[PDB]
Protein chains: 2
Amino acid sequence: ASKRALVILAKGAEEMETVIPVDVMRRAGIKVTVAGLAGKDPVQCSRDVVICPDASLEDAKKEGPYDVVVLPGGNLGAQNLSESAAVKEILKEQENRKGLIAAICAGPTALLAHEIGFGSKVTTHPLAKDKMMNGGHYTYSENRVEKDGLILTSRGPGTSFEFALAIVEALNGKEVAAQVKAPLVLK
Amino acid sequence: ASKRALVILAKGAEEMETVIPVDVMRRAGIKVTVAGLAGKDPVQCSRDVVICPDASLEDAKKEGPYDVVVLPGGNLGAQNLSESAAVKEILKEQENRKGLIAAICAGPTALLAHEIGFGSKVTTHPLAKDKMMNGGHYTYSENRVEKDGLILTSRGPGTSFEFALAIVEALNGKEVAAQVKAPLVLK
Ligand SMILES: *[C@@]1(=O)C(=O)N([C][C])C2=[C][C]=[C][C]=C21
Ligand SMILES: *[C@@]1(=O)C(=O)N([C][C])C2=[C][C]=[C][C]=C21
Ligand SMILES: [Cl-]
Ligand SMILES: [Cl-]
């Protein structure tokens, strides 16, 4: 059966961190739902790229659960995710069922906000480290991608391919990840 | 004065190759117009990400000329660009005024279709080489980014940051490109 991914898209999301994982996961045969935090309408990302979500988060939640929940970064996107009761519920449920949670750049600060994955080894964008580490609830890593069990984190736009391929490997295996990687012309 | 970029967005464009240069150029302070080939409506990219253009190409052309014209790849996106009389006119004008033209993945095959830049050293996605080289009108390169004068080409999603930063360097200089690069967490 095909794996399913929920990508939560908030105003101020980093568009590269949104699009690269969506595209790469779709290349891997994953059924991806781009879910609008605020509803069904187009989302203005951090650098003003406007993406039309596949569905509202409210609607996508009804089709859960998902094999991965993905949180893009962008400061303002991550803040919107961090402030959302709907996101809290989704992540709690995902953690409780031992489903994968993936977050990049400032995205992992939403895990802190929602008390998800405490004790995990995590990375973030360098500028988000102090926020993530407030209280010492995680252990910090400078690895480009950090996977500690079902908490998968990464650092920035420039680690987005690695992040996406790590998700692919987690869901569909090493060989599919390698197959998807080769046509991308990665270094 | 701020530099200006026209990114031409066609149905079936590779969304990563569209979004990474738009975002990176905006980080560099470039005024970027995402112009819809087919008009003002949202564009369904190759892996089903839907992007709302800033304007129709018809409207953006009236605000030209631009310091760079950017052609994303994606096979079907590149075919749409290759078949467009409007694109032909834009590229011819740009070449005639000695303005930069940038194309990635299958994107450079539109340069062939529109007889732009013949004699240049170019790269493409490996799968687009034979198409690009039909007639031997260019010299082929396996460099991740190839800049031959005002024709700047690149290979794939995985070279999109390098491609975007090369555009930035061409328009705004090495130091701005380095400044924009550092927060991205590139390898
Ligand atoms: C990234 O997308 C993000 O969330 N942040 C805030 C820390 C950031 C900063 C600089 C580049 C990329 C990102
Ligand atoms: C790229 O975006 C593109 O245009 N092509 C067609 C050659 C391609 C193929 C495989 C990965 C990326 C791209
Ligand atoms: Cl940001
Ligand atoms: Cl394609």
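Numbers restart at 1 for each chain; the letters A, B, ... are given by sequence-line order, proteins then strands. Worth knowing before you read on, the calculation uses all heavy atoms, side chains too, and leaves out hydrogens, waters and symmetry mates.
- Heavy atoms closer than 4.5 Å to chain A are found nowhere in B:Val34, neither backbone nor side chain.
- Between A:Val185 and B:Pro126 the shortest heavy-atom distance is CG2-CD, 4.2 Å.
- Chain B forms the most heavy-atom pairs under 4.5 Å with one residue out of A:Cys52, A:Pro183, A:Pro42, and that residue is A:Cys52.
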Between chain B and chain A, going by a 3.5 Å limit, which atoms form donor-acceptor pairs, if any?
from     : atom 1 : to       : atom 2 : distance (Å)
B:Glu14  : OE2    : A:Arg27  : NH2    : 2.9
B:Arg26  : NH1    : A:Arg47  : O      : 2.9
B:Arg27  : NH2    : A:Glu14  : OE2    : 2.9
B:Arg47  : O      : A:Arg26  : NH1    : 2.9
B:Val50  : O      : A:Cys52  : N      : 2.9
B:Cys52  : N      : A:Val50  : O      : 2.9
B:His125 : NE2    : A:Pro183 : O      : 2.8
B:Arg144 : NH1    : A:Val185 : O      : 3.1
B:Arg144 : NH2    : A:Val185 : O      : 3.2
B:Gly158 : N      : A:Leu184 : O      : 2.7
B:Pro183 : O      : A:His125 : NE2    : 2.8
B:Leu184 : O      : A:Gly158 : N      : 2.7
B:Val185 : O      : A:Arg144 : NH1    : 3.1
B:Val185 : O      : A:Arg144 : NH2    : 3.2

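- Within the 4.5 angstrom heavy-atom criterion, no atom of B:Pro53 approaches chain A.
- A:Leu37 and A:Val7 are assigned to two separate hydrophobic clusters, defined by single-linkage of ILVMFWY side chains at heavy-atom distances under 4.5 Å.
- Hydrophobic clustering (ILVMFWY, side-chain heavy atoms < 4.5 Å, transitive): A:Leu6 and A:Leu171 are in distinct clusters.
- To the nearest 0.5 Å, atoms CD1 (B:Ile20) and CZ (A:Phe161) are separated by 4.5 Å.
- Linking ILVMFWY residues whenever their side-chain heavy atoms come closer than 4.5 Å, directly or via other members, leaves B:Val49 and B:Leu76 in distinct clusters.
- The shortest side-chain heavy-atom distance between B:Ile51 and A:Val19 does not fall under the 4.5 Å cut-off.
- Cluster membership check: A:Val24 does not share its hydrophobic cluster with B:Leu127, using side-chain heavy-atom separations under 4.5 Å among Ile, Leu, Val, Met, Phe, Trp and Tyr.
- Under the 4.5 Å side-chain heavy-atom criterion for ILVMFWY residues, no single connected hydrophobic cluster contains both B:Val43 and B:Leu71.
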